[PDB]
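As structure tokens, the structure follows; a few thoughts come after it.
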Amino acid sequence: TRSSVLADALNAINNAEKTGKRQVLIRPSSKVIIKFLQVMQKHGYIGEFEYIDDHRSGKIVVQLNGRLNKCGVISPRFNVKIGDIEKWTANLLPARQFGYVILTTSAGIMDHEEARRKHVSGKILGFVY
Amino acid sequence: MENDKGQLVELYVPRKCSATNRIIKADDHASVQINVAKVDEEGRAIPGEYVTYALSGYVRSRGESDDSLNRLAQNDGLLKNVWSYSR
Amino acid sequence: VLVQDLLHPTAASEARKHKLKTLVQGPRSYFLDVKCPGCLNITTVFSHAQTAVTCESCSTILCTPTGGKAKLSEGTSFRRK
Amino acid sequence: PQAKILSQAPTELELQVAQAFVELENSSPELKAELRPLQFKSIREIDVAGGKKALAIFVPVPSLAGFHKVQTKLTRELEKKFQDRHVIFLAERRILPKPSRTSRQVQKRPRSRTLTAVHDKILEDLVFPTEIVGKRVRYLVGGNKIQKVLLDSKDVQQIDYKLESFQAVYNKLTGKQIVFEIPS
Amino acid sequence: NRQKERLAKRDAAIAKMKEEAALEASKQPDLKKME
Amino acid sequence: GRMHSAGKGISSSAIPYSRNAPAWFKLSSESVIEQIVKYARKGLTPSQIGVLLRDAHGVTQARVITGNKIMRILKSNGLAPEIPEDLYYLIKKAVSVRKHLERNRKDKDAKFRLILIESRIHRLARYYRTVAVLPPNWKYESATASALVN
RNA sequence: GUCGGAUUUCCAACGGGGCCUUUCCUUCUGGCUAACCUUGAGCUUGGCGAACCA
RNA sequence: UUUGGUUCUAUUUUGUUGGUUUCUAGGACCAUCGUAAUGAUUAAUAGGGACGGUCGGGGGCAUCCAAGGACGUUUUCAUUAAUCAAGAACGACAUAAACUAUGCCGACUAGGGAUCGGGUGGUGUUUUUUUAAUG
């Protein structure tokens, strides 16, 4: 059955960007999807997106730019301490100048750079470049 | 890209597709550069004055070059009622 | 098609799809208000009637159940409400 | 009297609309005793971009169906009675805060008392004679969210001049920006 | 449950006073219908 | 899903977006509540109630006409059955299949479907015990199944 | 403004705290009463307990 | 904020240490008074169940009996779910080249026509009673 809603969301983004289409439909829109797309949007990877609401769970329509290479989820959400942040960004990022690992901390969901600035850690959600 | 203080590096900054906004590789031999001449008030085109649209090999190979060319032609105003946003 | 408006599909294609495959899901059925010969007694009957619906005053059955839309009887006068 | 129509807090303008209420009560016997049992809690002034201010009349929640029965008529008399004004009836609902980890438990918070539930309720109560057919949220690239509300195309003639008034009062009350659309 | 009894009592009082003033409303004539 | 088959068919109801509904219905709430208690006094399951108000009169769902749902007001009016309808239909189907099996021994696919039916019965019994709409120590056996249909 | 070291009124960014918008983000006895409506003339006589504890 | 009754403990003192108490101080139990917007999340293109017309060289028995899928649904439940050691049923005693040599569930991604079951619509065609409803 449908276990990780965020995984299916990011898979839909990946398939739509690989095919080259500039828009994509997402079902069914948890909160962490909204925060994930906000993080990808503030870094200039996707652009504007839309929250359709039916009365069940909601749908997202995302306008896609050409700026996305790959977005991905990490399952399960491993516990990440301070040293594991740069061990992870060594592990699964393309380079040391760009690319963002997304983790949810107790002060919200954020990328690894501003998590380093806030000096907080948490559980790893996914990555985007 | 740049190093620390000036001295522009990165030889051959590559062109980017006007449809899917991906870069075009050096050996992408299916990529094309459509050159459209514009007209100035007499029905005749001026030699040397163009608008230019680069299409990558992937969108052209999928058959989606003509719909995308419709969209960028209608976006620039030289086309009137061929492409619809609402499909 | 690689660029299209998922927010505003055209009315023909959004009426074309299955009822669960639209933008928001909704029922394609409807309610009728039906008048039977004799006594007036306007009734409201759902389109897929699922049972032998009769008038409350007398046994003057209006629809018989059918696996899709239920057929209505020969003497009725119905409107879409 | 004007004091009976007012529930708790007396100021001058709610006393004026209470005088208008009892003047509409004694006249028009077809609707007399339909508007008699109801009282209203408070009045709020909203400034709009059009320049004609808005009377947000906050009423008790259980009495709201009584306003829903006669709302079109009393709103028409209230637009007539006060020039350069737009009148809206809202139900003053209670927002209970979200219980945190450190806080002691105060029963179980009902789901009608959450912030989003009462915001959706007052958004519905802004547009009473119309019915909302859909909602959307625009997440812009700057981070701002603008909520778009779709209204059913029937009987929009009552509220079509008051849409920017609805936007102003919703922006003041909730701090969120909304845009109304009529699908046709 | 004292609360449901209080709710029913206030509903009955509102309905009784509404009917009592509705009798006076039916006693009064309507100039609006004549106009 | 369809755990006891292989079908993947989707066929259900599509509830309308209008939570307050439908602006052409003129009856009151108390009229339909007295309709449900009068209809449930003569012994009908709430599914039959829902379809029978859906087609004889104009009732989209009883949830949107009243403030609450159906056996909520049945249990408030004191007409809630001692077991709910889904488990009851499952156990009555079970004793019908067991009657067939005691009549004909060699219907061996009927044995297979009997094991399927008791699997569904035990799953619903487990769910109803952990929510305590049934008391704990309640167990389904065939001898009590012959009389539990009532 | 010192002879490649250092400051301040400054445009910005980055993380913090406090207050208000329906948002108690446990309170009783005590004391310091504290930040004290406390104002004696331009440094004086008198507000609410955690900011200090029990 | 209150108003009843029951019960327990208790310092300063009342002139002292003990003994009977009252008010007070602090409990706990009981009664009906008043405060609140009195209090139950959607119904997942999750799942189960009812219902309606069907559909199948599915099964058994003899020459009727129950079950099942899909469809339709503005019907009901409410997360009851997915995969499964042990264990159990069936299997041409428990086997096979038991094969799609391809575990199950879920999501997305290019098409095209034919076919099977159902449903919707088309003043479409034909048949009945030229014509209706059907098929």
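As shown in the structure tokens, the chain order sets the letters A, B, ...; within each chain, residues go from 1, and ligands are also counted from 1 in the order they appear.
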
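The strand (DSSP E or B) portion of segment 64-104 of chain D consists of residues 85, 86, 87, 88, 89, 90 and 91 of chain D, with states taken from DSSP on the backbone.
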
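With only C-alpha atoms (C1' of nucleotides) taken into account, chain H has residues 45, 51, 52, 53, 54, 71, 72, 73, 74, 75, 118, 119, 120, 132 and 133 of chain H at most 10 Å from chain C.
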
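Between atom CA of residue 172 of chain D and atom CA of residue 80 of chain D the interatomic distance comes to 24.9 Å.
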
Problem set entry | Distance query residue 52 of chain G at most 10 Å, only C-alpha atoms (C1' of nucleotides), self and fewer than 2 positions along chain excluded, as a count of residues only | 4

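Looking only at segment 44-89 of chain D, the set that DSSP places in alpha helix (DSSP H) from backbone geometry is residues 64, 65, 66, 67, 68, 69, 70, 71, 72, 73, 74, 75, 76, 77, 78, 79, 80 and 81 of chain D.
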
Please identify every residue of chain G that has at least one atom no farther than 9 Å from an atom of chain D, counting only C-alpha atoms (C1' of nucleotides), and for each give the shortest atom pair and the distance in Å to one decimal, arranged by chain then increasing number, as CSV.
```
residue,atom,partner,partner_atom,distance
G:22,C1',D:95,CA,5.7
G:23,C1',D:97,CA,5.2
G:24,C1',D:103,CA,8.5
G:25,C1',D:103,CA,7.4
G:26,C1',D:104,CA,6.7
```

Just-selected residues, N, CA and C atoms (P, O5', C5', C4', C3', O3' and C1' of nucleotides) written as a PDB file, in the first residue's frame:
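Final output, saved to out13.pdb:
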```
ATOM      1  P     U G  22      -7.609  38.427  17.728  1.00  0.00           P
ATOM      2  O5'   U G  22      -7.613  38.433  19.323  1.00  0.00           O
ATOM      3  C5'   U G  22      -6.954  37.405  20.057  1.00  0.00           C
ATOM      4  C4'   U G  22      -7.855  36.765  21.076  1.00  0.00           C
ATOM      5  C3'   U G  22      -7.424  35.369  21.505  1.00  0.00           C
ATOM      6  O3'   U G  22      -7.829  35.140  22.854  1.00  0.00           O
ATOM      7  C1'   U G  22      -9.531  35.252  20.451  1.00  0.00           C
ATOM      8  P     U G  23      -6.779  35.336  24.054  1.00  0.00           P
ATOM      9  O5'   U G  23      -5.542  34.422  23.639  1.00  0.00           O
ATOM     10  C5'   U G  23      -5.437  33.083  24.097  1.00  0.00           C
ATOM     11  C4'   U G  23      -4.152  32.447  23.640  1.00  0.00           C
ATOM     12  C3'   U G  23      -2.896  33.277  23.844  1.00  0.00           C
ATOM     13  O3'   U G  23      -2.379  33.147  25.155  1.00  0.00           O
ATOM     14  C1'   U G  23      -2.916  32.369  21.650  1.00  0.00           C
ATOM     15  P     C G  24      -2.203  34.431  26.101  1.00  0.00           P
ATOM     16  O5'   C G  24      -1.976  33.798  27.544  1.00  0.00           O
ATOM     17  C5'   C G  24      -2.705  32.643  27.945  1.00  0.00           C
ATOM     18  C4'   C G  24      -1.788  31.495  28.285  1.00  0.00           C
ATOM     19  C3'   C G  24      -2.380  30.105  28.063  1.00  0.00           C
ATOM     20  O3'   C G  24      -1.340  29.203  27.685  1.00  0.00           O
ATOM     21  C1'   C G  24      -1.825  30.369  30.344  1.00  0.00           C
ATOM     22  P     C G  25      -1.087  28.853  26.138  1.00  0.00           P
ATOM     23  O5'   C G  25       0.483  28.590  26.058  1.00  0.00           O
ATOM     24  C5'   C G  25       1.069  27.463  26.696  1.00  0.00           C
ATOM     25  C4'   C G  25       2.327  27.837  27.437  1.00  0.00           C
ATOM     26  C3'   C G  25       2.142  28.325  28.866  1.00  0.00           C
ATOM     27  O3'   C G  25       2.006  27.264  29.796  1.00  0.00           O
ATOM     28  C1'   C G  25       3.607  29.787  27.711  1.00  0.00           C
ATOM     29  P     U G  26       1.101  27.447  31.112  1.00  0.00           P
ATOM     30  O5'   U G  26       1.943  26.741  32.268  1.00  0.00           O
ATOM     31  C5'   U G  26       2.082  27.354  33.541  1.00  0.00           C
ATOM     32  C4'   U G  26       0.969  26.951  34.477  1.00  0.00           C
ATOM     33  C3'   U G  26       0.867  27.749  35.767  1.00  0.00           C
ATOM     34  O3'   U G  26       0.162  28.965  35.590  1.00  0.00           O
ATOM     35  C1'   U G  26       0.680  25.426  36.233  1.00  0.00           C
TER      36        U G  26
END
```

Problem set entry | Interface, chain D side, toward chain E (12 Å; only C-alpha atoms) as a ChimeraX atom specification | /D:25-39,62-63,66

Generate a file of the selected residues that holds C-alpha atoms, formatted as a compact mmCIF listing (two decimals), in the first residue's frame.
```
# COMPACT_ATOMS: atom_id res chain seq x y z
CA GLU D 25 -38.65 45.21 14.40
CA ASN D 26 -41.72 47.41 14.94
CA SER D 27 -42.22 47.98 11.22
CA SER D 28 -42.76 45.14 8.69
CA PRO D 29 -45.00 42.68 10.61
CA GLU D 30 -44.26 39.94 8.05
CA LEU D 31 -40.74 39.65 9.49
CA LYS D 32 -41.60 40.85 13.01
CA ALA D 33 -40.73 38.25 15.72
CA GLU D 34 -38.35 36.63 13.24
CA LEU D 35 -35.67 39.18 14.17
CA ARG D 36 -36.83 39.68 17.77
CA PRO D 37 -35.06 36.76 19.64
CA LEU D 38 -31.61 37.47 18.25
CA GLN D 39 -28.95 39.71 19.78
CA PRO D 62 -25.97 29.19 18.15
CA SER D 63 -28.20 32.00 16.86
CA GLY D 66 -31.85 32.78 12.70
```

For this session: Residues of chain A near chain C: apply a cut-off of 9 Å, count only C-alpha atoms, and supply the list as a PyMOL selection string.
Result: chain A and resi 19-25+50+52-55+58-59+61

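Taking atom CA of residue 20 of chain B as the reference point, atom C1' of residue 108 of chain H is found at 19.6 Å.
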
For this session: Pull out every residue of chain D sitting within 12 Å of chain H, counting only C-alpha atoms (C1' of nucleotides), and send them as a PyMOL selection string.
Result: chain D and resi 59-64+91-95+107-114+117-118

Kindly export the residues of the current selection with N, CA, C and O atoms, as a PDB file, in the first residue's frame.
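And here is the file that came out, result.pdb:
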```pdb
ATOM      1  N   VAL D  59     -21.885  38.024  16.106  1.00  0.00           N
ATOM      2  CA  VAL D  59     -23.126  37.528  16.693  1.00  0.00           C
ATOM      3  C   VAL D  59     -22.798  36.238  17.429  1.00  0.00           C
ATOM      4  O   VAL D  59     -21.721  35.650  17.220  1.00  0.00           O
ATOM      5  N   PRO D  60     -23.665  35.797  18.345  1.00  0.00           N
ATOM      6  CA  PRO D  60     -23.487  34.467  18.939  1.00  0.00           C
ATOM      7  C   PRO D  60     -23.594  33.350  17.912  1.00  0.00           C
ATOM      8  O   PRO D  60     -24.355  33.429  16.947  1.00  0.00           O
ATOM      9  N   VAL D  61     -22.789  32.307  18.137  1.00  0.00           N
ATOM     10  CA  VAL D  61     -22.773  31.163  17.218  1.00  0.00           C
ATOM     11  C   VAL D  61     -24.080  30.372  17.173  1.00  0.00           C
ATOM     12  O   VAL D  61     -24.519  30.039  16.061  1.00  0.00           O
ATOM     13  N   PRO D  62     -24.745  30.004  18.298  1.00  0.00           N
ATOM     14  CA  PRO D  62     -25.969  29.186  18.147  1.00  0.00           C
ATOM     15  C   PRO D  62     -27.142  29.903  17.500  1.00  0.00           C
ATOM     16  O   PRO D  62     -28.082  29.246  17.035  1.00  0.00           O
ATOM     17  N   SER D  63     -27.116  31.227  17.450  1.00  0.00           N
ATOM     18  CA  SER D  63     -28.196  32.002  16.862  1.00  0.00           C
ATOM     19  C   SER D  63     -28.021  32.237  15.368  1.00  0.00           C
ATOM     20  O   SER D  63     -28.819  32.974  14.782  1.00  0.00           O
ATOM     21  N   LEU D  64     -27.016  31.613  14.743  1.00  0.00           N
ATOM     22  CA  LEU D  64     -26.604  31.991  13.393  1.00  0.00           C
ATOM     23  C   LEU D  64     -27.631  31.583  12.339  1.00  0.00           C
ATOM     24  O   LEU D  64     -27.757  32.243  11.300  1.00  0.00           O
ATOM     25  N   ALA D  91     -19.998  35.141  12.977  1.00  0.00           N
ATOM     26  CA  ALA D  91     -20.176  34.519  14.277  1.00  0.00           C
ATOM     27  C   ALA D  91     -18.847  34.542  15.014  1.00  0.00           C
ATOM     28  O   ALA D  91     -17.851  34.007  14.519  1.00  0.00           O
ATOM     29  N   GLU D  92     -18.833  35.171  16.187  1.00  0.00           N
ATOM     30  CA  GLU D  92     -17.618  35.227  16.984  1.00  0.00           C
ATOM     31  C   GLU D  92     -17.352  33.861  17.599  1.00  0.00           C
ATOM     32  O   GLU D  92     -18.062  33.424  18.510  1.00  0.00           O
ATOM     33  N   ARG D  93     -16.336  33.176  17.083  1.00  0.00           N
ATOM     34  CA  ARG D  93     -16.006  31.827  17.507  1.00  0.00           C
ATOM     35  C   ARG D  93     -14.761  31.859  18.381  1.00  0.00           C
ATOM     36  O   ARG D  93     -13.963  32.794  18.323  1.00  0.00           O
ATOM     37  N   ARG D  94     -14.607  30.821  19.195  1.00  0.00           N
ATOM     38  CA  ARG D  94     -13.491  30.713  20.122  1.00  0.00           C
ATOM     39  C   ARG D  94     -12.368  29.908  19.489  1.00  0.00           C
ATOM     40  O   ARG D  94     -12.592  28.794  19.004  1.00  0.00           O
ATOM     41  N   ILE D  95     -11.164  30.469  19.500  1.00  0.00           N
ATOM     42  CA  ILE D  95      -9.964  29.767  19.067  1.00  0.00           C
ATOM     43  C   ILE D  95      -9.221  29.300  20.305  1.00  0.00           C
ATOM     44  O   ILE D  95      -8.815  30.117  21.140  1.00  0.00           O
ATOM     45  N   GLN D 107      -8.519  19.514  29.092  1.00  0.00           N
ATOM     46  CA  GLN D 107      -9.422  18.617  28.368  1.00  0.00           C
ATOM     47  C   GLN D 107      -8.897  18.228  26.988  1.00  0.00           C
ATOM     48  O   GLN D 107      -7.683  18.196  26.763  1.00  0.00           O
ATOM     49  N   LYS D 108      -9.802  17.921  26.065  1.00  0.00           N
ATOM     50  CA  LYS D 108      -9.456  17.666  24.675  1.00  0.00           C
ATOM     51  C   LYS D 108     -10.009  18.797  23.827  1.00  0.00           C
ATOM     52  O   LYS D 108     -11.195  19.124  23.926  1.00  0.00           O
ATOM     53  N   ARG D 109      -9.156  19.395  23.009  1.00  0.00           N
ATOM     54  CA  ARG D 109      -9.588  20.513  22.181  1.00  0.00           C
ATOM     55  C   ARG D 109     -10.456  20.003  21.038  1.00  0.00           C
ATOM     56  O   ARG D 109     -10.013  19.144  20.267  1.00  0.00           O
ATOM     57  N   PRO D 110     -11.692  20.480  20.909  1.00  0.00           N
ATOM     58  CA  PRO D 110     -12.538  20.044  19.796  1.00  0.00           C
ATOM     59  C   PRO D 110     -12.042  20.608  18.477  1.00  0.00           C
ATOM     60  O   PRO D 110     -11.423  21.672  18.423  1.00  0.00           O
ATOM     61  N   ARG D 111     -12.340  19.881  17.399  1.00  0.00           N
ATOM     62  CA  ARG D 111     -11.777  20.229  16.100  1.00  0.00           C
ATOM     63  C   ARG D 111     -12.475  21.429  15.474  1.00  0.00           C
ATOM     64  O   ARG D 111     -11.983  21.983  14.488  1.00  0.00           O
ATOM     65  N   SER D 112     -13.616  21.842  16.024  1.00  0.00           N
ATOM     66  CA  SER D 112     -14.254  23.063  15.550  1.00  0.00           C
ATOM     67  C   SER D 112     -13.619  24.298  16.168  1.00  0.00           C
ATOM     68  O   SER D 112     -13.906  25.420  15.743  1.00  0.00           O
ATOM     69  N   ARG D 113     -12.765  24.115  17.171  1.00  0.00           N
ATOM     70  CA  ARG D 113     -12.158  25.241  17.865  1.00  0.00           C
ATOM     71  C   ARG D 113     -10.725  25.501  17.423  1.00  0.00           C
ATOM     72  O   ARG D 113     -10.044  26.321  18.045  1.00  0.00           O
ATOM     73  N   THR D 114     -10.257  24.832  16.375  1.00  0.00           N
ATOM     74  CA  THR D 114      -8.928  25.098  15.850  1.00  0.00           C
ATOM     75  C   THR D 114      -8.935  26.366  15.008  1.00  0.00           C
ATOM     76  O   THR D 114      -9.988  26.895  14.652  1.00  0.00           O
ATOM     77  N   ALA D 117     -10.080  25.761  11.221  1.00  0.00           N
ATOM     78  CA  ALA D 117     -11.509  25.483  11.141  1.00  0.00           C
ATOM     79  C   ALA D 117     -12.330  26.759  11.263  1.00  0.00           C
ATOM     80  O   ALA D 117     -13.262  26.985  10.484  1.00  0.00           O
ATOM     81  N   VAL D 118     -11.975  27.630  12.212  1.00  0.00           N
ATOM     82  CA  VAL D 118     -12.740  28.860  12.373  1.00  0.00           C
ATOM     83  C   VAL D 118     -12.411  29.844  11.258  1.00  0.00           C
ATOM     84  O   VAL D 118     -13.250  30.667  10.883  1.00  0.00           O
TER      85      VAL D 118
END
```

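Using only C-alpha atoms (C1' of nucleotides), the protein and nucleic acid residues lying no more than 6 Å from segment 52-59 of chain B, apart from those fewer than 5 places from it along its own chain, are residues 17, 18, 30, 31, 32, 33, 34, 35, 64 and 65 of chain B.
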
Only N, CA and C atoms, please: the residues just picked out, written as a tab-separated table (two decimals), in the first residue's frame.
```tsv
chain	number	residue	atom	x	y	z
B	17	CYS	N	18.48	24.87	-24.13
B	17	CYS	CA	17.29	24.68	-24.95
B	17	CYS	C	16.22	25.69	-24.58
B	18	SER	N	15.50	26.18	-25.58
B	18	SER	CA	14.46	27.15	-25.30
B	18	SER	C	13.14	26.50	-24.89
B	30	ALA	N	21.29	16.07	-32.86
B	30	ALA	CA	19.89	16.25	-33.21
B	30	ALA	C	19.34	17.61	-32.80
B	31	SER	N	20.12	18.41	-32.08
B	31	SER	CA	19.68	19.73	-31.67
B	31	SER	C	19.73	20.70	-32.85
B	32	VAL	N	18.78	21.63	-32.89
B	32	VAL	CA	18.65	22.55	-34.00
B	32	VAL	C	18.54	23.97	-33.48
B	33	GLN	N	18.76	24.93	-34.38
B	33	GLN	CA	18.66	26.35	-34.07
B	33	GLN	C	17.77	26.98	-35.14
B	34	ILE	N	16.49	27.13	-34.82
B	34	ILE	CA	15.53	27.77	-35.70
B	34	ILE	C	15.80	29.27	-35.72
B	35	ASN	N	15.94	29.83	-36.91
B	35	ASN	CA	16.14	31.27	-37.07
B	35	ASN	C	14.95	31.83	-37.83
B	64	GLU	N	7.85	16.35	-29.77
B	64	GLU	CA	7.27	17.50	-29.11
B	64	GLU	C	7.94	18.81	-29.51
B	65	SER	N	8.66	18.82	-30.64
B	65	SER	CA	9.30	20.05	-31.08
B	65	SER	C	8.28	21.03	-31.65
```

Exercise. Could you write out as a list in words the residues of chain F within 10 Å of chain D, counting only C-alpha atoms?
Worked result: residues 16, 17, 18, 19, 20, 21 and 23 of chain F
